[PDB]
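Here is the structure we will look at, set down as structure tokens.
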Amino acid sequence: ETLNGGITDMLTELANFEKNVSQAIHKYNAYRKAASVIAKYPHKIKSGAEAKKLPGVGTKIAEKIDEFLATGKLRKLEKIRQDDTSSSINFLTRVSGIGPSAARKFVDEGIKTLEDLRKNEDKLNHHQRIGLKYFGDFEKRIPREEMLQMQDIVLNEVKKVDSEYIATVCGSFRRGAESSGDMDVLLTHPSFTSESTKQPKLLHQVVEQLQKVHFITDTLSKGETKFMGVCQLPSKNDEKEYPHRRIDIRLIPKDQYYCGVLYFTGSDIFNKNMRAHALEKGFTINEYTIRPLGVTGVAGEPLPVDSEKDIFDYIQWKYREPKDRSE
DNA sequence: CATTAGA
DNA sequence: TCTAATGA
Ligand SMILES: [Mn+2]
Ligand code: NA
Ligand code: NA
């Protein structure tokens with residue numbers, strides 16, 4: 001956690017570089033198990049050899065360890081940090097919708113900067129076109145102060161359409177958080193469950209509404225159960241318009257809300273833990289359900305959940321407010 | 001790990 | 001169809 005720091009640190013640095021710049025998934029994959037391990041290691045690593053004893057730690061890596069232990073640096077790390085091409089891929093990749101593959105291809109053609117990207121909006125597809133467009137607005141955090149106004153509106157419309165609609169805004173905001181990256185609305189409805197073969201309108205109606213009133217300004221991807229877009233709060237009485245925000249909305253088979261909800265509410269850790277706990281408690285929890293466990297190694301049979309609690313009760317735990325779903 | 005765009 | 005990119 002701190003003793004292993006630089007190590008894992010230079011390690012993750014390294015991996016990442018293989019994967020993105022190079023298309024070396026293996027090496028990339030190597031940097032990771034190793035990084036993953038030295039990570040767990042309970043003592044201050046003193047040299048290659050020592051580390052070398054570890055599984056995943058080969059000679060290639062060990063070797064880097066020493067150089068790094070000797071000089072608080074690495075050549076390759078230094079060379080790459082310098083590396084144009086590579087610096088370029090690291091950067092492009094930030095555009096929403098630009099992943100490595102594209103970032104390399106772009107670069108190959110010679111698009112290194114944001115401006116290059118502009119002069120070549122044509123080579124860019126819709127997603128990236130928007131990503132390029134709200135580049136600044138996307139990189140910025142969402143003040144809760146705004147999250148509340150966002151949530152406000154969303155709830156109102158949803159209800160306005162059909163009153164049956166149930167809608168919870170998840171993530172860190174749900175967990176008290178000061179700011180958030182994008183907004184995640186879970187959604188469901190009574191007429192939509194596990195069996196009852198969809199009703200795509202279910203999603204559509206809503207997006208229609210939000211778009212109607214000018215909340216959703218664009219669409220990244222709208223499909224039958226997952227819509228990814230961009231919203232923005234009505235820019236009041238001039239002088240101050242609001243930044244373009246990422247919003248995501250997902251349809252849920254009503255018979256799987258709470259799990260789904262319990263889940264997305266996190267946190268990444270409180271989840272694992274809870275998960276790690278339901279296990280002993282003879283269960284199974286996944287993004288959408290909770291099934292009692294059985295001794296032949298495994299078992300199924302999805303228990304019925306009516307709220308966040310049921311799941312608790314089941315694994316018999318303390319209902320813990322979202323506020324405290326920290327870990 | 002599953003959902004969407006695209007070519 | 002596969003292959004990418006987001007998210008989780
Ligand atoms: Mn999120
Ligand atoms: Na070894
Ligand atoms: Na990106």
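Each chain in the structure tokens gets a letter, A, B and so on, in the order shown; residues start at 1 in every chain, and ligands are counted from 1 in the order they appear.
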
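Using only C-alpha atoms (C1' of nucleotides), the part of chain A that sits within 10 Å of chain B is made up of residues 125, 126, 127, 220, 221, 222, 223, 224, 225, 226, 227 and 228 of chain A.
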
* Which chain C residues are at most 8 Å from chain A (counting only C-alpha atoms (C1' of nucleotides)), as a VMD selection string? -> chain C and resid 4 to 6 8

Same residues, C-alpha atoms (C1' of nucleotides), saved as a JSON list (two decimals), in the first residue's frame:
[["chain", "number", "residue", "atom", "x", "y", "z"],
["C", 4, "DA", "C1'", -14.26, -1.01, -30.43],
["C", 5, "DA", "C1'", -15.42, 1.85, -26.68],
["C", 6, "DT", "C1'", -18.12, 2.89, -22.23],
["C", 8, "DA", "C1'", -19.01, -1.45, -13.77]]

* Asked: What is the atom CA of residue A:274-atom CA of residue A:311 distance in Å, reported with one decimal?
  ->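 These atoms are spaced 10.1 Å apart.
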
* Can you tell me which residues sit at most 10 Å away from ligand 2, counting only C-alpha atoms (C1' of nucleotides) and all ligand atoms, written as a list in words? -> residues 34, 49, 50, 51, 52, 53, 54, 55, 56, 57, 58, 59 and 62 of chain A

* Report as a ChimeraX atom specification which protein, DNA and RNA residues come within 12 Å of ligand 1, using only C-alpha atoms (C1' of nucleotides) and all ligand atoms. => /A:141-142,169-174,179-186,228,245-249,263-268 /C:6-8

* as a PyMOL selection string, list the residues of stretch 35-205 of chain A assigned to strand (DSSP E or B) by DSSP on the backbone atoms of this structure. => chain A and resi 142-143+166-169+179-180+183-189

* Between atom CA of residue A:29 and atom CA of residue A:63 - distance in Å to one decimal -> 17.4 Å

* Asked: With distances taken over only C-alpha atoms, which of A:74, A:92, A:154, A:259 is nearest to residue A:306?
  ->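 Among the listed residues, the smallest separation from residue A:306 belongs to A:259.
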
* Go ahead and compute the interatomic distance for atom CA of residue A:305 and atom CA of residue A:150, in Å to one decimal. => 28.2 Å

* Asked: So which residues touch residue A:28 within 8 Å, counting only C-alpha atoms (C1' of nucleotides), skipping near sequence neighbours fewer than 3 positions away, as a ChimeraX atom specification?
  -> /A:14-19,24-25,31-32

* Of the residues A:261, A:230, A:210, A:315, which is the one nearest to residue A:277, using only C-alpha atoms? -> A:315

* Asked: Which one of A:188, A:196, A:273, A:128 sits closest to ligand 3 if you count only C-alpha atoms and all ligand atoms?
  ->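 Of the candidates, the smallest distance to ligand 3 is held by A:128.
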
* Taking the DSSP assignment computed from this structure's backbone, write out as a VMD selection string all residues of stretch 30-237 of chain A that belong to alpha helix (DSSP H). => chain A and resid 30 to 40 48 to 52 59 to 70 75 to 82 84 to 92 100 to 109 114 to 119 126 to 133 135 to 139 144 to 161 201 to 212

* To do: Determine the nearest neighbour of ligand 3 from the options A:23, A:90, A:4, A:326, counting only C-alpha atoms and all ligand atoms.
  =>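 Of A:23, A:90, A:4, A:326, the one nearest ligand 3, counting only C-alpha atoms and all ligand atoms, is A:90.
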